[PDB]
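S.K.: Part one of the assembly, not moved from where it sits:
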Amino acid sequence: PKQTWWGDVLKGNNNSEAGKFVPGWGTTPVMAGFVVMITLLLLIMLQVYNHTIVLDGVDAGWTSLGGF
Amino acid sequence: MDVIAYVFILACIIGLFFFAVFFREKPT
Amino acid sequence: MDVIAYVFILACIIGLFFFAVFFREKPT
Amino acid sequence: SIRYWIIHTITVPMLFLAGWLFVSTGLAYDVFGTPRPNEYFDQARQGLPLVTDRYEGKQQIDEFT
Amino acid sequence: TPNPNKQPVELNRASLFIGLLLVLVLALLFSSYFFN
């Protein structure tokens, strides 16, 4: 159990609050919303990549490279 | 020379069969 | 490709030196 | 037992006939776009109605229709 | 200071035969493609 200097610096981040949790649900409800949000985001991207969704003036193909 | 590779692998397989049959550790 | 053979043997020698120096069993 | 027998007797043949009439009255062909036996080809329209474009497929079928 | 977590590695005879059979059979199957 060497008491190095860097260990002194980092031990608080390592295991100061090890094994601690808040009871109940806590922030879990909020997390739910975030997941749903990204579940739309990714979905939209997929369809945009899939050409299911066609955004206005956004030609999902090699033609969009025009301008470089 | 491919024939040598094939034949060597096959001979190794046969030797493995011989050892696996007559030299297995006794079940108990 | 000979260069690769030579360099590989040499690198193995250097690794052997590293292990022989820092990982020898303690004389006693 | 006995009670549900009345309900099932009243209902199940009605459902059977519902499907029967859905086919017999020709409604299925309209619902599913399935051609009538004479609609596969006209008297000479022996070409096949194959879709060639992804974007306007429904309209192209309407032309094939 | 010795590490408690050290543990040896075991492989009995039967396992050796099974492994050698697997290796040799795979080699025989895939050599015909490796030589292409």
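M.R.: Perfect, I can see it now. Numbers count the residues shown, from 1 in each chain, chains lettered A, B, ... in the order given.
S.K.: Touching, residue A:53 and residue A:47? I think so.
M.R.: Yes: using Cβ atoms under 8 Å, residue A:53 is in contact with residue A:47, at 4.1 Å. Where you see a C-beta, it was placed from the backbone N, CA and C, and this is true even at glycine.
S.K.: Name the residues of chain E found near chain B, please.
M.R.: E:12-14, E:17, E:20-21, E:24-25, E:27-28, E:31-32, E:35 (Cβ under 8 Å from any Cβ of the partner chain).
S.K.: Sort out which of those residues are buried, if you could.
M.R.: E:17, E:20, E:24 (16 or more other Cβ atoms under 10 Å in any protein chain shown).
S.K.: I'd like to know which of these is nearest to residue C:22.
M.R.: residue E:20 (35.2 Å; Cβ to Cβ).
S.K.: The closest one against residue B:19, yeah?
M.R.: No: between residue E:20 and residue B:19 there is no contact, the gap being 9.1 Å when judged by Cβ under 8 Å.
S.K.: what's the burial count for residue 24?
M.R.: Using chain A. If you count neighbours by other Cβ atoms under 10 Å in any protein chain shown, residue A:24 ends up with 6.
S.K.: should've been chain D
M.R.: Counted with other Cβ under 10 Å, residue D:24 comes out at 10.
S.K.: got the contact list for the spatially most central residue of chain D?
M.R.: Residue closest to the average C-alpha location in chain D (Cα atoms, centre = their mean): residue D:28, at 2.1 Å. Shown in contact with residue D:28 (Cβ atoms under 8 Å, 6 or more residues apart in numbering or on different chains): D:22, D:34.
S.K.: at 10 Å what do you get?
M.R.: Shown in contact with residue D:28 (Cβ atoms under 10 Å, 6 or more residues apart in numbering or on different chains): D:19, D:22, D:34.
S.K.: and which of the residues you listed is nearest chain B?
M.R.: Nearest to chain B among these, counting by Cβ to the nearest Cβ, is residue D:34 at 57.5 Å.
S.K.: Secondary structure class of the closest residue to that closest one other than its chain neighbours, three-state.
M.R.: Nearest residue to residue D:34, sequence neighbours excluded (Cβ to Cβ, 6 or more residues apart in numbering or on different chains): residue D:28, at 6.6 Å. Under DSSP: H, G, I helix; E, B strand; the rest coil, residue D:28 falls in the helix class.
S.K.: sorry, back to before: where neighbours are concerned, which of the contacts of residue D:28 has the most?
M.R.: Counting by other Cβ under 10 Å, top hit in these: residue D:22 with 12 neighbours.
S.K.: throw chain F onto that model:
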Amino acid sequence: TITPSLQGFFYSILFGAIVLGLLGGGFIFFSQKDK
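M.R.: Adding chain F to the chains above:
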């Protein structure tokens, strides 16, 4: 600007919300009923 495809996707979100809401509502409501 909204295009027909994007509007279709929005209607998809509406329908999917409705489906999930009806399924979850049925499940939770029936679970609450025979507590």
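S.K.: since we added chain F, can you redo the contacts of residue D:28?
M.R.: Counted by Cβ under 10 Å, 6+ apart, residue D:28 has contacts D:19, D:22, D:34.
S.K.: got the contact list for residue 1?
M.R.: Defaulting to chain A. Neighbours of residue A:1 in contact, by Cβ under 10 Å, 6+ apart: A:7, E:1.
S.K.: think we crossed wires, I meant chain E
M.R.: A:1-2.
S.K.: Run a quick neighbour tally on the closest residue to chain A within chain B.
M.R.: Residue of chain B nearest chain A, by Cβ to the nearest Cβ: residue B:25 (44.6 Å). Neighbour count of residue B:25, defined by other Cβ under 10 Å: 9.
S.K.: quick one, what contacts it?
M.R.: Counting by Cβ under 10 Å, 6+ apart, residue B:25 touches E:12-14, E:17.
S.K.: If you drop the residues flanking it in sequence, what lies closest to the residue nearest to the spatial centre of chain E?
M.R.: By Cα atoms, centre = their mean, chain E has its centre lying nearest to residue E:19, at 4.6 Å. Spatial nearest neighbour of residue E:19, chain neighbours left out: residue E:11 (7.9 Å); criterion: Cβ to Cβ, 6+ apart.
S.K.: May I have the secondary structure class of that neighbour?
M.R.: Under three-state DSSP, residue E:11 comes out as coil.
S.K.: Against residue E:17, how distant is it?
M.R.: 11 Å (Cβ to Cβ, to the nearest Å).
S.K.: give me the element the residue nearest to the centre of chain E is part of.
M.R.: Under the criterion of DSSP states H and E, residue E:19 resides in helix E:13-34.
S.K.: Which strands or helices does that helix pack on?
M.R.: helix B:2-22 (3 or more Cβ pairs under 10 Å, 6 or more residues apart in numbering or on different chains; DSSP states H and E).
S.K.: do the helix it packs on and chain E meet?
M.R.: Yes: using Cβ under 10 Å from any Cβ of the partner chain, helix B:2-22 reaches chain E at B:2, B:5-6, B:8-10, B:12-13, B:15-17, B:19-21.
S.K.: Taking those, please make a ChimeraX selection of just the buried ones.
M.R.: To isolate the buried ones among the residues of helix B:2-22 next to chain E in ChimeraX, judged by 16+ other Cβ under 10 Å, type:
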select /B:9,13,16,20
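S.K.: Enumerate every residue touching residue F:6.
M.R.: A:44, A:47-48, A:52-56.
S.K.: One more: residue A:45?
M.R.: residue A:53.
S.K.: What's the separation between it and residue F:9?
M.R.: 12 Å.
S.K.: anything in contact with each of the two?
M.R.: Joint contacts of residue A:45 and residue F:9 (Cβ under 10 Å, 6+ apart) are residue A:53.
S.K.: okay, now chain G:
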Amino acid sequence: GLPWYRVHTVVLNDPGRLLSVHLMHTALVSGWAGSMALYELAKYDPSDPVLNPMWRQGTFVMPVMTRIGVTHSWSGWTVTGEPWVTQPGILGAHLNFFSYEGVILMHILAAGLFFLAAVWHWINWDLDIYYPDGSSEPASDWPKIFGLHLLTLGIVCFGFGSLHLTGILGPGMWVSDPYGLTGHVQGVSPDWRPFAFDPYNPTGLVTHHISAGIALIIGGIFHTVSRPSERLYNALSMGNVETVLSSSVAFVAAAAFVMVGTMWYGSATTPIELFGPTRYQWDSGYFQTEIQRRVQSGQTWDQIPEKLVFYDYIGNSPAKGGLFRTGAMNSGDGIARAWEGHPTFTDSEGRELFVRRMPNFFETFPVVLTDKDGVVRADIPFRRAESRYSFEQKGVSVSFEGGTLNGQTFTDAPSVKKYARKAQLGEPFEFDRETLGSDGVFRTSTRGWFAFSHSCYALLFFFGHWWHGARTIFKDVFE
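M.R.: Placing chain G onto the earlier chains gives this:
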């Protein structure tokens, strides 16, 4: 003792040795990067950037390097078709150092350093930090460690997006024209308008790495402070590192699948100048349409840029290779040297017919020269058969526009047959096999190898995710 498939569990309860094996793996990965790049440099031909690009040459890591800035070599040559000019003059112009060899040197140095750190941490496995204030059992808090790592990665992502990609303080990134003609390494400017979600417009990438970068930083900060919830903490067993393994393996498999999708379908990240053309540009006649329109636009045939015609060869398609056809593509149909010119075929009556091009699927195709109106005019009958619509019976001349066979007219039946087969293979070309002993059978480009290998990897890592999720959830049983 342990079974041979569990030998590495001896570091499960030891944070120090676990970190040590991670560092050793990092050293191996960085060493492989360096060695592979070194090998590719040692087997490269910078002379021909047009009819022998890097993807034709079996390069694997060079396109990945070139994607985000590295183009030249200390020996001088650039991949863009010009000897490198030492435009660097000042600090912040390390660009003369970070060539291919500079990157190789840095990666080998990182490999060595990580190996040394791994040895150190293996020896000093019992540092005090791994142990809590008053319990002999080592115990780490995974949620806060995740927060710290996430914050670090968010900082690095934001920096990559805002400085390197924009070109403000970095080389920028590779951009090109819709037809893979001009390839620059230039900065990009981020735009939050919806067209940045177009996967083929590079302005999205920067816009991503900025915004997502910030999103990680916030996401880092929250997790560096916020504690978990009893409910989730007990459900996911956040005290057990195996759950982290399960979730990470699942994430990495998903990443592999997404990368394979982009590689196979093409995007701004994968430009055809680097990785080669996709398999859908051949199917949709993308380059043939473009060329035909350009010539039809008044340009003569000899004035067609040779990259645009090389892309129209079917030997470039990644869907014409094989699983055990090894090596670079030039080991296949051989290395190209010259474009024989666009051929046109005429029959006895003088009607202009065309050869139907072989699709990606067929390993062999039946040569059929058909009238543009959809009526088959002539063909090459099967290996030995008697015909009524034939090559000789009808007679066919071929005339070449541009290229090596310019203005020429081969009416010799073997010559017409050879060039008919070439025409059904895309654009006729001068291919050399004597240099490499090429086998005439095709091979897949870099793009195909990426797609295949990482689709296999993703498929396996999904099973890995399932197994490790099972061993996490069922921990009390798996003992």
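S.K.: try the contacts of residue B:25 again now we have chain G.
M.R.: E:12-14, E:17.
S.K.: Ok, residue G:246 next?
M.R.: Neighbours of residue G:246 in contact, by Cβ under 10 Å, 6+ apart: G:236-237, G:240, G:464-473.
S.K.: on that earlier part again, which outside residues touch the helix holding residue E:19?
M.R.: B:2, B:5-6, B:8-10, B:12-13, B:15-17, B:19-21, B:23-25, B:27, E:11-12, G:3-4, G:322-324, G:326.
S.K.: could you give the angle of it to helix B:2-22?
M.R.: 160 degrees (axes from the mean of the first three to the mean of the last three Cα atoms, to 10 degrees).
S.K.: Convert the C-alpha atoms of helix E:13-34 to PDB, please.
M.R.: This file holds the C-alpha atoms of helix E:13-34, laid out as PDB (Å, rounded to 0.1, in the frame of the first residue of the first chain):
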ATOM      1  CA  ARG E  13      -5.600 -34.900 -21.200                       C
ATOM      2  CA  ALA E  14      -9.100 -35.200 -22.600                       C
ATOM      3  CA  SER E  15      -9.200 -31.400 -23.100                       C
ATOM      4  CA  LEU E  16      -5.900 -31.600 -24.900                       C
ATOM      5  CA  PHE E  17      -7.200 -34.200 -27.300                       C
ATOM      6  CA  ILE E  18     -10.400 -32.200 -27.900                       C
ATOM      7  CA  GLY E  19      -8.500 -29.100 -28.600                       C
ATOM      8  CA  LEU E  20      -6.000 -30.800 -31.000                       C
ATOM      9  CA  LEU E  21      -8.900 -32.300 -32.900                       C
ATOM     10  CA  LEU E  22     -10.500 -28.900 -33.300                       C
ATOM     11  CA  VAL E  23      -7.300 -27.300 -34.400                       C
ATOM     12  CA  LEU E  24      -6.300 -30.000 -36.900                       C
ATOM     13  CA  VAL E  25      -9.800 -30.300 -38.400                       C
ATOM     14  CA  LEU E  26     -10.100 -26.500 -38.800                       C
ATOM     15  CA  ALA E  27      -6.600 -26.500 -40.400                       C
ATOM     16  CA  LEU E  28      -7.600 -29.300 -42.800                       C
ATOM     17  CA  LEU E  29     -10.800 -27.500 -43.700                       C
ATOM     18  CA  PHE E  30      -9.300 -24.100 -44.300                       C
ATOM     19  CA  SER E  31      -6.000 -25.000 -46.000                       C
ATOM     20  CA  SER E  32      -7.700 -25.700 -49.300                       C
ATOM     21  CA  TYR E  33      -8.700 -22.100 -49.300                       C
ATOM     22  CA  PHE E  34      -5.500 -20.600 -47.800                       C
END
